[PDB]
Each structure stands twice: as C-alpha cells, then as structure tokens.
Amino acid sequence: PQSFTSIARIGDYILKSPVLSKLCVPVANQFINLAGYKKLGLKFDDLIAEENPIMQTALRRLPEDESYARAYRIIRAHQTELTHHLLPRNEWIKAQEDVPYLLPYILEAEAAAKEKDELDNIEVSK
Amino acid sequence: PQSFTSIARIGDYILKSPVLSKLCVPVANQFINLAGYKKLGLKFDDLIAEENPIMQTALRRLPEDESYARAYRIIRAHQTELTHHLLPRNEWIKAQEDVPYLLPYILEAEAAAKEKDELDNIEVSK
Amino acid sequence: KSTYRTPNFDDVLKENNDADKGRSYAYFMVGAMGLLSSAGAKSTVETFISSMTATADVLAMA
Amino acid sequence: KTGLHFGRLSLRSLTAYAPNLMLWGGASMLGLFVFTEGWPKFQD
Amino acid sequence: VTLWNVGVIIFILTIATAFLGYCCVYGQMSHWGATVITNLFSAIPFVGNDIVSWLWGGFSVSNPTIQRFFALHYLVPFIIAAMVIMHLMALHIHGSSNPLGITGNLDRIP
Amino acid sequence: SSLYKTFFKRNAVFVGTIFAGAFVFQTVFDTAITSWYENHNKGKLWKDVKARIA
Amino acid sequence: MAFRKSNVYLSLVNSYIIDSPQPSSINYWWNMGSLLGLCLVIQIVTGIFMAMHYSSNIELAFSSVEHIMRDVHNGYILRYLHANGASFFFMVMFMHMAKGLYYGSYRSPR
Amino acid sequence: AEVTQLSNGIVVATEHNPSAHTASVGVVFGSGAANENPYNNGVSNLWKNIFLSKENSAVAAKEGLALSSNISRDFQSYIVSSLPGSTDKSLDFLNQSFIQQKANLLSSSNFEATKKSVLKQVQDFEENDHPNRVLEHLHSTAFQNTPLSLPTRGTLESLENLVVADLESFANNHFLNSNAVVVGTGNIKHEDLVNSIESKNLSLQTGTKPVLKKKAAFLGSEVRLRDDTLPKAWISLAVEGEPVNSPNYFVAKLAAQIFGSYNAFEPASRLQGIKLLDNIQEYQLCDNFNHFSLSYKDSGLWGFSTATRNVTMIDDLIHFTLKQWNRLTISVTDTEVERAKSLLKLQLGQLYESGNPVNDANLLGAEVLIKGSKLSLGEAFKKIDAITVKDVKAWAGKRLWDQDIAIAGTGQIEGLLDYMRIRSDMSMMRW
Ligand SMILES: CCCCCCCCCCC(=O)OC[C@H](COP(=O)(O)OC[C@H](O)COP(=O)(O)OC[C@@H](COC(=O)CC)OC(=O)CCC)OC(=O)CCCCCCCC
Ligand SMILES: CCCCCCCCCCCCCCCCCC(=O)OC[C@H](COP(=O)(O)OCCN)OC(=O)CCCCCCCCCCCCC
Ligand code: HEM
Ligand code: HEM
Ligand SMILES: COc1c(O)c(C)c(C/C=C(\C)CC/C=C(\C)CC/C=C(/C)CC/C=C(/C)CC/C=C(\C)CCC=C(C)C)c(O)c1OC
Ligand SMILES: CCCCCCCCCCCCCCC(=O)OCCCOP(=O)(O)OC[C@@H](O)COP(=O)(O)OCCCOC(C)=O
Ligand SMILES: CCCCCCCCCCCCCCC(=O)O[C@H](COC(=O)CCCCCCCCCCCC)COP(=O)(O)O
Ligand SMILES: CCCCCCCCCCCCCCCCCC(=O)O[C@H](COC(=O)CCCCCC)COP(=O)(O)OCCN
Ligand SMILES: CCCCCCCCCCCCCC(=O)O[C@H](COC(=O)CCCCCCCCCCC)COP(=O)(O)O
C-alpha cells in the first residue's frame, strides 16, 4: 500500500496552495461525514490496518492512557454493529476530537526503515 | 500386561520350593544365554518398556550415577546393531553384573497405586 | 582418559584425502543416477500421454 | 549514494546473477529437449 | 493473500468439471458446445492441430471424446476437495475478518 | 584436478548437462539395442522372409 | 527461520519428510511403507488411463479389455502393469504386517 | 619506528622507543607445544612456572625486577622488566638464574610445590572455561595424530607422570643458541644492549635441535562433548587456512573481518554493517560470536565460535552463517571489502602499538625466528589496500567452496545435526 510519507507529501502540497485548498477541502469534509465512522464512536486512526511491522511498532510506542481508550472504542463499535443500531448522538465523535494521535509514531518508524534500507545497498566511491 | 507383583509372587513360590527350582532354573538360565542381550552390552532391566506411568515414576527415583550409565549402555547397543556386529567378548555383561537394579523402585510404585485405588472404591460399614 | 585423545580411525582412512579426487567419484555416481532417472521419467510420461491418441480402429476408418 | 533496490531484488542483486540466469535460462533449454523429443516437435 | 489464490484455483477446476458433465448427456447443445471450445486450441502457433487431435482422440468429437470426458469428470471433484482442505488450513492461521475492517482480537465468541 | 569448477561446481550446467545428456543418451541407446535385437533374430523377420519369397 | 519451516504447506513436508527424527538402528524392513505408497500411485494412474477406453455394459465388457490390448497404443503395458501391480501391492502389505507382529508395533502407545 | 637485528652467533633484535618509561629484556625460543610428544606434554608449561616461582621472584623483587612468561605452539618466552636505567641488572639475573645455574630452581621441594599448583590450574580450566576448551578440542580433531594437536597447557594425565629428568632432557634439546633470539623493547638502545652482551659472553647451548618426523595435516572430523546440565551450547567450526609466510596471509584476515564479532547485549554491536545480523536478531539465535583466522608455521584455521541459550534453533544458526560464507565465492560486494580494509588496519594497529613492552617482545621474537626480519606496519598497510574483489573470490573458491570442515561442541548440543547435513551447506546448489 501507499506510504504515509507519500500521503503527507501530497496533502501538504494541496494545503499550502491557496487555490487547491479552497477547491479540494470541502469535498474532503463531506467525504468524512458520508463515511460514518464517527457515528459508531471511532476516530480515523482506529481504522488503519495493523497487521504489518511498521504499524506494530507504532502501537508499542503509544502511551498507556491513550492505548486503554483505543481498546474501549473498538469494543464499543463491534457491539454497536452486531445489534444493527447506531450510538446516541451525544456519544458521537466530534470534529475537534478526531485528531491524528498515531501519525507521528508512524512517520518516525517509516523514516528509520528507509534510512536502514538505503544503508544496506550503498554504492561506495573510491 | 502382567504385573511385576504377580511375576514375583510366582517366581518366589518356584524358588522356595526345592523340587521345582531344581527343575525350572536350568531351563531359565539357558533361556537367558540364548536370548543374547548381554552380547550387546545390556542388562535385563534396560529392556523393560518405559511408556507407562509406573515405569516413568521408577526412573525419576533412580540415582544419578546409575542413570548416566544406563543411557550409555543404550546408545552403545543401538550403534552395535546398525553395524550388524557384536561387541568384543571382554565387553559382554557378566552374570554377576546382571542385577535387578530397578525392580525395588517398580514394586514400590505398584504397591502405592493399588492402595490408592482400593481407597477410591471402598465399601463402608455402619 | 582425556577427551583430547582422538580414537583409532586408521581402518577406514584414505591414501591421502586428496579433495581433488574424493569429490570426483561421488559426484560421477550422483550424476549418472540423475541422468538415467530423468530419461526414465520422460519415457514414462510419453507412454501415458500417447495412450490418449487415436486408436487403431479409428485410424483404419481415417 | 545508494542504488535503488525494489524491495528485495536490488540492482546489484540482478547483475551478480544475470550470468546464472542465462545458465538457468539454459537449464530448461536443456530440459526442453528431453521434455518433448519423442513426439514430433523439432527446435529452431 | 494465500487464501485468495487457492480459491482462484478452485474456481477454474469447477468450470472444467461442469463443462465435462454437460457433454456426457450428449444432446444437441452437448455436441456443438464441445466443438466450439475444443477447436479454439487449433490456433496455438505450430502446435495447435496436435492438441485438438489428442484431446478428441480422432478427427472430430466422437466416441473416444465422450468416454474420456466422463472418466475425467468423476476425478476432478476429488481434486477440488483436496484444495478445500488446503483452503481451510490457510484460514486457521489468521482466522476470519469482519465487516468493519479492524482487529477482532479484543472480542471473540466460540 | 580443476574439473570441479567446470564439471562439478556449476550446478546451473550440471542440471543442464544431466538433461542435455538424457536426450542424447536415448537416441543412441535406442539405435544400439534395436540393431542387436534385429541381428540376433536374423532369418525370422518379415523383411527377410519377404525377400526370400521373390 | 527457514522458509521450509515457516510456510503453512512446506512446514508439513519438512516435518514429515526432511527433519523427522528417526531411530538410528531401523533396518530395511522399515522400507515397506514407502513402497505401498508408490503402489497406490501406480494403480490409480494406470487405472484412470484405461477407464478412458472401458465400457461396463455386460455385452461390451470383455471386448473392451481386448480392445485395450490390441488397438490402444501401449495398452498392453497399462493392463499388465496394473494386473501384476495388484499382486505386488498385496505381497508388500503382508510383509509390512508380519513385521509389526514380530517387533510389537501394535502395542501401546501405537 | 624500526627494528635492528645483528648476529654474533646470537641474534639480537630491538625496537627502541624513547618516550616510554620502562624496558623489557628477554629470550625467546623457537620450540612450543608443537615440539613435544604425548608422553611429556606440558613440560613447557611446567618450565614457565618454575621461572615464576617464589624464591626466584623474590630475588628479582629485591632488585626491582618483574617477571613474565608465555607458552604457545611455536614458541616460548622468558622476560624481565625494569626501569630504563636498570637494564644491565636485568641481563645479569637472566644470565645467572636461568641460562647457567638452574639446580637452585629444580630442587625437590620447589618442583613438587610447582606441580601441585599447575595440576590445580589445569583441572580448573577443564571444568569452568568452556569457550576456550572447545577451541582446544577443535585443534585436536582437525590435526589428529600430528604435532599441532597437542594442548598447550598439557593434559591432566600426562602431567602427573613428569619428573625432573623430563625437564632436564627437554632443556638440553631445545634451549639452544641456534634456537634463540634475544629481544629488547621500550626505552633501550640497540648499541647498549649489544655492548652489555659482549662484555659478558652469554651463550646457552650450541644447537642441533631435533627434526620433527611428521608434518601437520588437516582432517575433516567432529568431536561432541555432551553435558545437559550446563545452561548453554558452545560450538566452534573451521576449515583449513593459511600458514605464516604465505601469499594469502592478509586476504584471509580481511575475509574474517567481513563477518566480524558480535555481542547481543551491547547496543552499538547490534548496528554493525554485517548482513548476517539481519537473520539472527529476529529470533535471537545467539548471544555472541567471533570469526578467527589463525596461522602457524605449517598450517592454519579459518572459522568462527559461538555461545547461545536458544537450544531449539541451533540448526538455523549454523545454516544462516554458512550461507553467508558462500557469497565470498559468488556475490561479495565492493562496500563489504572497503569496510573490512579499514577495520583490519585498526585491529592490527592496536595489537602492534599498545603501551606494554612485554607484548612487543613476544611479537618481535616470534616473527624474527621465522622470517629473520620484521615487516613494519607501514608495509603491511600497503598490502591490505591493494586487495580487490577478485582476490577474495579466488581465495574463497579454493579454501571454502565444497571443502571439508572440523567441528567441536559442548553443552546442550542435541539440536546440532549430523556431519553431512552441515558439510552440504558449504556449497549452494544454486550456482
Ligand atoms: C517384491 C519386491 C519388493 C522389493 C523389495 C523387497 C525387499 C524385502 C526383503 C526383506 C527385507 O527388507 O529385509 C532384508 C533383510 C536384510 O536387511 P538388513 O537391514 O538387516 O541388512 C542390511 C544389509 O546387511 C546391508 O546392506 P547394504 O546397505 O550395506 O547394501 C545394500 C544391499 C542391497 O540390499 C537390499 O536392497 C535390501 C533389500 O546391497 C547388496 O545386497 C549387494 C548385492 C547386489 O534380510 C533378512 O533379514 C533375511 C532376508 C531373507 C528373507 C527374505 C524373504 C522375503 C519374502
Ligand atoms: C490377515 C493377516 C495375516 C497375515 C499373515 C502374514 C504372513 C505373510 C508372510 C510374510 C513373510 C515375512 C516373514 C518375515 C517377517 C518380517 C519381520 C522379521 O522376520 O524380522 C526379521 C528378523 C531380523 O532378525 P533379528 O531377530 O536379529 O532382529 C533384528 C536385529 N535387531 O529376522 C527373521 O525373523 C528372519 C527373516 C527371514 C524371513 C524369511 C522367512 C520366511 C521364508 C518364506 C516365507 C514365504 C512367504 C511367501
Ligand atoms: C468449494 C469452494 C469453497 C469452499 C468450500 C470455501 C469455504 C470457505 C469457508 C468455510 C470459509 C470460512 C469463512 C467464510 O465463510 O467466509 C471461507 C472463507 C474465505 N474464502 Fe472460501 N471457499 C470456497 C471457495 C472460495 C473461492 C472461489 C474464493 C475466492 C476466489 C474463496 C475465498 C475465500 C476468502 C478470501 C475467505 C476469507 C474471507 C474472510 O475471512 O473475510 N473461497 N471459504
Ligand atoms: C488400490 C487400487 C486398485 C486396485 C488394487 C485395483 C485392482 C484391480 C484388479 C485386480 C483388476 C483386475 C485385473 C485383471 O484384469 O485381471 C482391476 C481391473 C480394472 N481396474 Fe483397478 N484397481 C485399483 C484402482 C483402480 C482405479 C482407481 C481405477 C479407475 C480409475 C481402476 C480401473 C480398472 C479397470 C478399468 C479395470 C478393467 C480390467 C483391466 O483393465 O484389467 N482400478 N483392478
Ligand atoms: C515415515 O515417514 C514417511 C515415509 O517414510 C514415507 C515413505 C512417506 C510417503 C507417502 C506415503 C507412505 C503414502 C501417501 C500417498 C498418498 C496419500 C497417495 C495419493 C495418490 C494419488 C494416486 C493421487 C493422484 C492424483 C492425480 C490427479 C493423478 C491421476 C490422473 C491423471 C494425472 C490423468 C489426467 C491427465 C491428463 C493429461 C488429462 C511419508 O509421507 C512419510 O511421512 C510420514
Ligand atoms: C527432498 C526429498 C523428497 C523426496 C520424496 C518425495 C515425496 C514428496 C511428497 C511427500 C508427502 C507429503 C507429506 C505428507 C503430508 O504433508 O501429509 C501427511 C501427513 C498427514 O497430513 P496432515 O497435513 O497432518 O493432515 C492435514 C491436517 O493437518 C489439516 O486438517 P484440515 O483438513 O485443515 O482440517 C479440516 C477438518 C475440519 O473437520 C471437518 C471437515 O468438519
Ligand atoms: C519418503 C519417501 C522416501 C523415498 C523418496 C524417493 C524420492 C526421490 C527423491 C530424491 C531427491 C534427492 C535430493 C536431491 C539432492 O540432494 O541433490 C541432487 C543429488 O541427487 C541427484 O542428483 C538425483 C539423484 C537421484 C534421482 C532422483 C529421482 C530418483 C528416482 C525417483 C523414483 C520415484 C520415487 C543434486 O546433485 P548435486 O548435489 O551433486 O548438485
Ligand atoms: C490436501 C491434502 C491434505 C494434506 C495437506 C497437503 C500438504 C502438502 C502440500 C504440498 C506442498 C505444496 C507447495 C506449496 C508451495 C509454497 C506455497 C507458497 O508459496 O505460499 C504462499 C504463496 O502461495 C500461493 O499464492 C498459492 C499456493 C498454491 C499452492 C497449490 C499447490 C507464499 O506466501 P508466504 O511467504 O507468506 O508463505 C505462507 C506463510 N504461511
Ligand atoms: C509410474 C509408473 C512407474 C512404474 C515402474 C514399474 C516398472 C515398469 C516400467 C514401465 C514404464 C513404462 C514406460 C517404458 O516402458 O519406458 C521404457 C524405458 O524404460 C525406462 O526408462 C524405465 C522407466 C522407469 C524409471 C523410473 C521413472 C520414475 C517415475 C517417473 C514418474 C514421473 C521404454 O520407453 P521408450 O519409448 O523406448 O523411450
């Protein structure tokens, strides 16, 4: 899959540009509301697939208090979905709470894997 | 299989009796020489099958020095047999060395299993 | 007895080990066994596959 | 400087085996002549 | 990924089975359906007209074709069953997914 | 000798040489056995009887 | 670890064929079980290639087997191999069973 | 930084260093543990300890003199150290107590007391020092029935039947002027040492040491010393290598430096540029390893030693290590060679430029006894910088690819597989 380093490179270019941000941001906001993961009580970083080594590394480096809350949001959402209901509207994730809490741990583990890999296939001068 | 308690009960009766011992012992000695386990460097108690709980118990209670020697006699005999040779005649087990070194540990573990097992099916008086 | 004394192996050892030669004879035999069994495998497969071709009575009415 | 590696199979990994690939690209040329000779299919 | 690939194999072997069985009825859709599909292999370069005559056992869809298609049609179901066992072995490693697309190790039911 | 890194070592051409020799062996082995058989049974075959009934 | 130990399918081949611990002293009588496995492959393969030419009707059956002998290319090889292969399969099985009876392989834990 | 040799019938070598604070003077002989037989094995180890006993070290301490000695397979040493303006007293002690009079040292009381301590040293070594006794066992299976098989400390059985006559016989046969080198290191000038010697006369014995009937020969084999009560497995494995005074001497040292040494518990040792480490660290199959290239007068060894607590994955450790060796014939890169060049220079640059004059004397005397001359460190560097990838591949194709091996192990080695499954890993079968 696509790297979060590449996702951030494209996104930052779109956001720094005034004309593109005024044209692509409203589309992205209503793509978020139509998806409907907040209505089950989840933040976006709960949805990222975790069966790969870069993502297993990021979850160990996470603090204990943020890790206990993530486990509860995931259990609550499974139970909400087997009953085929939604949560009460006063328990929906708000926009100001949908923060990228795990992205810095991911970008740090990715940058180290690229540095290690370049060093294992170096062309040396004389 | 037959219990060593029963084997010892029959044997002791034969041995205490003078007429039966003079009639059944020479047959038993030449049954031993024709078998040929001494020619591979084994005592008889090396041959007893060990895949049962009474026999696993007896081997734990065995001293360390007698247990290291048993392991060597068994390895030496496997190697002698894959080459299809016999050992030198000065390395054969002699009669005075073919002692029942493991029988007391077996009879002790058997007597305890019978006592436990009678106590679990007792008929009580009033 | 010490463990640094190696036992007697003089019944089974060679002229001089001569690694140019000890590898020669073992790998000629391993090569011959692979040559014959690859030819045999190829005759077995072609015998089974040719049985699916037209029979004698079908070729007579050809 | 670092030669780009495509994950596992690097540019130096493909050049130290290219002669080997030509001889395993022969190893089935040589299996092919034993594969079908025996029902008519001639090489050229 | 390994579980998806063994499944693609089962699908191919299942189209083959059904095709062979419809030909064994030997009605009028059976004869002309086998003619159209088996004549496709006569276009392979330099080797095609040898493959059709070995598939037919002759010069057309005939008796040798119908007797070999029934014996193969009995066989392939037992090969599908052996691929179904290998399919289940690859599921036992990671287990099943779920409709949300996140981990299921926090809440499991026997 | 140095047969090693031309005959033994290079397994790429070993398996190659195993197969390449398998095809050549079959052709000459066939021709040799069919000549010995047809000569051991000389005077019985059809191609010889056919000549005698001229 | 090695791929032969990590892969789901090769791990079973390794544990049964490659790294399996065997006693140092087993003799050639322990080789009969391997042969019975080649026997079963010989019979199944030879039989499927004959079933392509066999007819089971009571009025057609004897003459189908004589047709495999005379008209089928290498059909006399398939039948005689197959017919004599069953006599060999039974002889190796009697020796396999007589061995286990001699060496006590029936006893617990087996 | 240059050594100066003269000859008078007595060879005299010297590496003067004006900026040091001590001086070492001694005599080195060209006979070691590979110059004795299975009956008198350990007679040299007992000669060292007679030199270092009490009443001889007391007599030196009253004058301000320290003593040292070393036994190896090709040579022995007997060294005296002092302050720089006390070197003539060092030579006198070396003359009196060692070369001329020794009836004082071989007395009946000093001999028994020395034998008791040496037997306790050797018994302790065989019960507690596991990595070093497995390497000694490797030498004894690789070179069996040859002189390079005998252990340097001696064996507890042969060491018990020694008497003073065995010492005196060995002295008369090997402590000879034809088999000797007089050394001097630290703050000592060559002319002063030469002048002090000719003022005396200073000769031990004449010469004619015995010639050794058998030459050293390598044999592929194994020896297993199984002990299930110890908590680890210790293993060493090698092939035949290069002797001293070979053209491939530095190329074999560079090849050992490519795979290097490892400690799992040190953080910086886990980050080395060694491709073998990408395979072991994911399941942690070992605690440490080290690659060696040992060289003698007649033969050598090239290989590695390891210790591990993961006793169920030994076969993965041996397998992955031997597959990396195969790459020296087929696919070694230029970066791996330029790394090993500069780390080899740092290695032997620290061995030959330490601050201890005792180590200098042992190195100098051993090299001059074989070559007649010492190769400087500026010359050895130029030979190392001239090695190419082609030289490595040519060396490995001759010494490593499909060649016999020697193996030794002790401890929990149930998981160490048979000889022929390890021997088969010396070629790839994918080339
Ligand atoms: C139908 C065809 C099926 C094909 C295979 C059938 C094989 C079944 C034979 C029965 C059997 O498996 O046991 C045979 C047993 C010897 O087994 P062992 O391990 O104790 O001795 C290993 C040997 O010393 C070293 O033999 P080595 O490995 O050194 O050389 C190989 C030997 C080949 O022998 C074989 O193939 C064994 C079958 O090379 C030669 O013989 C050179 C002459 C060309 O011999 C006996 O104990 C008594 C044998 C007579 C009774 C046989 C009656 C059976 C009906
Ligand atoms: C429904 C099921 C019923 C089945 C009934 C089974 C009958 C089938 C007949 C098969 C014949 C095979 C007989 C041999 C049995 C195999 C096991 C065996 O005999 O052991 C081999 C034994 C080895 O010698 P050792 O006693 O020294 O032990 C090994 C060393 N540690 O050495 C021996 O014991 C001697 C070996 C010689 C074998 C040949 C003797 C028989 C010859 C004619 C048999 C004719 C059969 C057609
Ligand atoms: C005879 C044919 C098949 C049988 C008996 C079979 C059986 C099963 C069973 C019992 C499961 C358990 C979970 C579930 O039911 O979803 C499963 C899962 C699965 N099967 Fe099959 N299957 C067959 C064909 C296929 C085919 C043709 C494909 C794809 C081309 C496939 C791909 C999968 C996948 C990807 C899963 C896992 C789905 C998940 O866990 O989300 N299978 N199969
Ligand atoms: C354990 C495997 C098998 C055994 C032991 C076995 C045994 C036999 C035997 C004893 C015969 C009679 C031989 C004779 O002609 O005198 C026979 C005939 C036959 N068998 Fe099998 N069989 C096996 C498997 C199969 C299979 C799987 C097939 C079909 C796919 C098959 C197809 C036939 C046919 C068509 C005949 C007809 C007569 C002939 O061709 O000889 N067999 N079989
Ligand atoms: C002790 O250790 C051992 C061991 O010693 C041995 C010997 C074995 C080896 C094997 C056995 C003992 C027996 C196992 C054998 C089977 C399960 C046999 C399965 C048999 C078959 C015949 C499968 C055949 C399938 C086919 C598709 C072929 C049939 C027809 C074809 C190809 C015709 C169609 C062709 C065309 C062109 C249309 C072990 O596995 C083993 O591990 C325990
Ligand atoms: C290098 C030299 C090689 C030369 C020799 C050539 C021979 C090559 C072939 C070797 C033979 C193959 C190896 C043997 C093997 O893998 O299988 C035999 C072992 C027993 O099979 P199993 O995989 O344990 O059973 C298979 C099982 O482990 C798996 O169970 P599963 O089916 O997933 O459960 C589903 C059941 C659910 O129950 C139901 C259906 O309700
Ligand atoms: C469990 C059943 C036991 C019996 C299994 C018998 C199956 C045969 C497989 C043998 C494979 C040997 C491993 C290859 C190897 O190590 O490197 C091979 C060595 O072996 C060979 O060359 C092939 C020798 C024999 C031909 C193999 C087919 C035998 C006939 C099959 C008959 C049907 C059963 C490569 O050669 P090299 O190592 O010198 O480079
Ligand atoms: C079914 C009979 C019952 C007994 C069980 C049968 C077991 C014997 C199987 C014989 C061995 C088959 C060789 C498999 C080759 C390696 C497979 C592989 O590369 O795994 C996959 C790729 O496989 C595929 O895409 C489809 C394989 C279909 C094979 C159909 C024969 C490699 O992926 P990976 O590196 O993650 O290894 C798996 C780790 N569990
Ligand atoms: C699977 C069947 C194996 C049965 C073996 C029993 C012995 C009878 C052999 C009958 C074989 C029929 C073919 C023939 O006649 O060829 C004959 C050649 O003989 C051989 O090479 C023996 C073949 C057996 C060697 C082992 C092969 C390993 C199995 C391969 C599976 C991939 C004649 O064929 P031809 O047309 O002349 O080239």
# chains A, B, ... in the order shown; residues from 1 in each chain; ligands from 1
$ residues_near_ligand --ligand "ligand 7" --cutoff "8 Å" --atoms "only C-alpha atoms and all ligand atoms" --output "list in words"
residues 27, 30, 31, 33, 34, 35, 37 and 38 of chain C; 8, 9, 11, 14 and 15 of chain F; 17, 34 and 38 of chain G; 429 of chain H
$ residues_near_ligand --ligand "ligand 6" --cutoff "9 Å" --atoms "only C-alpha atoms and all ligand atoms" --output "MDAnalysis selection string"
(chainID E and resid 82 84:92) or (chainID G and resid 9:18)
$ residues_near_ligand --ligand "ligand 9" --cutoff "9 Å" --atoms "only C-alpha atoms and all ligand atoms" --output "ChimeraX atom specification"
/C:36-48 /D:38 /F:26-27,30 /G:38-39,41-43,45-46,74,77-78,81,85
$ atom_distance --atom1 "atom CA of residue H:333" --atom2 "atom CA of residue F:10"
20.7 Å
$ residues_around --residues "residue B:96" --least-positions-apart "4" --cutoff "12 Å" --atoms "only C-alpha atoms" --output "PyMOL selection string"
chain B and resi 38+43+92+100
$ residues_near_ligand --ligand "ligand 1" --cutoff "7 Å" --atoms "only C-alpha atoms and all ligand atoms" --output "PDB file with N, CA and C atoms, in the first residue's frame"
ATOM      1  N   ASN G  27      16.087 -50.997  10.262  1.00  0.00           N
ATOM      2  CA  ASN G  27      16.636 -51.779   9.167  1.00  0.00           C
ATOM      3  C   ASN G  27      15.758 -51.656   7.914  1.00  0.00           C
ATOM      4  N   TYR G  28      16.018 -52.500   6.908  1.00  0.00           N
ATOM      5  CA  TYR G  28      15.329 -52.397   5.624  1.00  0.00           C
ATOM      6  C   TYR G  28      13.882 -52.873   5.679  1.00  0.00           C
ATOM      7  N   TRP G  29      13.491 -53.633   6.704  1.00  0.00           N
ATOM      8  CA  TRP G  29      12.081 -53.961   6.894  1.00  0.00           C
ATOM      9  C   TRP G  29      11.208 -52.733   7.129  1.00  0.00           C
ATOM     10  N   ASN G  31      11.203 -50.169   5.294  1.00  0.00           N
ATOM     11  CA  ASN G  31      11.056 -49.523   4.000  1.00  0.00           C
ATOM     12  C   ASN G  31       9.793 -49.927   3.243  1.00  0.00           C
ATOM     13  N   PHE G  88       1.655 -57.374  -6.437  1.00  0.00           N
ATOM     14  CA  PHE G  88       2.815 -56.842  -5.735  1.00  0.00           C
ATOM     15  C   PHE G  88       2.413 -55.991  -4.536  1.00  0.00           C
ATOM     16  N   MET G  91       1.629 -58.350  -1.695  1.00  0.00           N
ATOM     17  CA  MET G  91       2.785 -59.033  -1.132  1.00  0.00           C
ATOM     18  C   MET G  91       3.579 -58.125  -0.205  1.00  0.00           C
ATOM     19  N   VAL G  92       3.675 -56.840  -0.541  1.00  0.00           N
ATOM     20  CA  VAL G  92       4.375 -55.885   0.306  1.00  0.00           C
ATOM     21  C   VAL G  92       3.570 -55.598   1.571  1.00  0.00           C
TER      22      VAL G  92
END
$ interface_residues --of "chain H" --to "chain B" --cutoff "12 Å" --atoms "only C-alpha atoms" --output "count of residues only"
4
$ atom_distance --atom1 "atom CA of residue A:102" --atom2 "atom CA of residue E:103"
16.3 Å
$ residues_near_ligand --ligand "ligand 2" --cutoff "10 Å" --atoms "only C-alpha atoms and all ligand atoms" --output "VMD selection string"
(chain B and resid 35 to 36 77 to 78 80 to 82 84) or (chain G and resid 25 to 30 90 to 103)
$ closest_atom_pairs --of "chain D" --to "chain A" --cutoff "10 Å" --atoms "only C-alpha atoms" --output "Markdown table"
| residue | atom | partner | partner_atom | distance |
| --- | --- | --- | --- | --- |
| D:1 | CA | A:123 | CA | 5.5 |
| D:2 | CA | A:122 | CA | 4.2 |
| D:3 | CA | A:122 | CA | 6.3 |
| D:4 | CA | A:121 | CA | 7.7 |
| D:5 | CA | A:121 | CA | 7.2 |
| D:7 | CA | A:117 | CA | 8.8 |
| D:10 | CA | A:121 | CA | 7.7 |
| D:11 | CA | A:121 | CA | 9.1 |
| D:12 | CA | A:121 | CA | 8.3 |
| D:13 | CA | A:121 | CA | 9.7 |
$ atom_distance --atom1 "atom 32 (C, counted along the ligand's line) of ligand 4" --atom2 "atom CA of residue G:51"
6.0 Å
$ select_by_dssp --residues "chain B" --states "helix (DSSP H, G or I)" --output "ChimeraX atom specification"
/B:4-16,18-35,38-40,44-46,53-60,64-82,89-91,95-97,103-119
$ residues_near_ligand --ligand "ligand 3" --cutoff "9 Å" --atoms "only C-alpha atoms and all ligand atoms" --output "list in words"
residues 1, 2, 3, 4, 5, 6, 7, 8, 9, 10, 11, 12, 14, 80, 81, 83, 84, 85, 87, 88, 91, 94, 95, 96, 97, 98 and 99 of chain E
$ residues_around --residues "stretch 108-115 of chain A" --least-positions-apart "5" --cutoff "9 Å" --atoms "only C-alpha atoms" --output "list in words"
residues 3, 4, 5, 54, 55, 57, 58, 103 and 120 of chain A
$ interface_residues --of "chain E" --to "chain G" --cutoff "7 Å" --atoms "only C-alpha atoms" --output "PDB file with N, CA, C and O atoms, in the first residue's frame"
ATOM      1  N   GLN E  67     -16.090 -40.829 -23.896  1.00  0.00           N
ATOM      2  CA  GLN E  67     -15.697 -41.793 -22.875  1.00  0.00           C
ATOM      3  C   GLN E  67     -14.563 -41.270 -21.998  1.00  0.00           C
ATOM      4  O   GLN E  67     -14.448 -41.664 -20.834  1.00  0.00           O
ATOM      5  N   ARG E  68     -13.713 -40.391 -22.535  1.00  0.00           N
ATOM      6  CA  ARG E  68     -12.634 -39.811 -21.736  1.00  0.00           C
ATOM      7  C   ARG E  68     -13.121 -38.636 -20.899  1.00  0.00           C
ATOM      8  O   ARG E  68     -12.582 -38.374 -19.820  1.00  0.00           O
ATOM      9  N   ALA E  71     -14.670 -40.056 -17.538  1.00  0.00           N
ATOM     10  CA  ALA E  71     -13.706 -40.525 -16.550  1.00  0.00           C
ATOM     11  C   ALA E  71     -12.981 -39.369 -15.875  1.00  0.00           C
ATOM     12  O   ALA E  71     -12.641 -39.458 -14.693  1.00  0.00           O
TER      13      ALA E  71
END
$ interface_residues --of "chain D" --to "chain E" --cutoff "12 Å" --atoms "only C-alpha atoms" --output "VMD selection string"
chain D and resid 36 39 to 43
$ residues_around --residues "stretch 302-305 of chain H" --least-positions-apart "5" --cutoff "7 Å" --atoms "only C-alpha atoms" --output "list in words"
residues 235, 236, 237, 238, 239, 240, 241, 289, 290, 291, 292, 293 and 294 of chain H
$ interface_residues --of "chain H" --to "chain D" --cutoff "9 Å" --atoms "only C-alpha atoms" --output "list in words"
residues 330, 331, 333, 430 and 431 of chain H
$ write_last_selection --atoms "N, CA, C and O atoms" --output "short mmCIF file (atom, residue, chain, number, x, y, z; two decimals), in the first residue's frame"
data_model
loop_
_atom_site.label_atom_id
_atom_site.label_comp_id
_atom_site.auth_asym_id
_atom_site.auth_seq_id
_atom_site.Cartn_x
_atom_site.Cartn_y
_atom_site.Cartn_z
N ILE H 330 30.72 -16.09 -4.78
CA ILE H 330 29.69 -15.67 -5.76
C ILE H 330 29.27 -14.21 -5.79
O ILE H 330 29.10 -13.76 -6.87
N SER H 331 29.15 -13.45 -4.72
CA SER H 331 28.44 -12.17 -4.79
C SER H 331 28.89 -11.17 -3.73
O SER H 331 28.12 -10.28 -3.35
N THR H 333 30.35 -7.85 -2.35
CA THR H 333 30.32 -6.51 -2.93
C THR H 333 31.61 -5.75 -2.63
O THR H 333 32.49 -6.20 -1.90
N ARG H 430 22.73 -23.52 -6.06
CA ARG H 430 22.00 -22.51 -6.84
C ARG H 430 23.14 -21.71 -7.50
O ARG H 430 23.15 -20.48 -7.39
N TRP H 431 24.13 -22.39 -8.07
CA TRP H 431 25.21 -21.78 -8.84
C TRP H 431 26.10 -22.87 -9.44
O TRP H 431 27.02 -23.36 -8.79
#
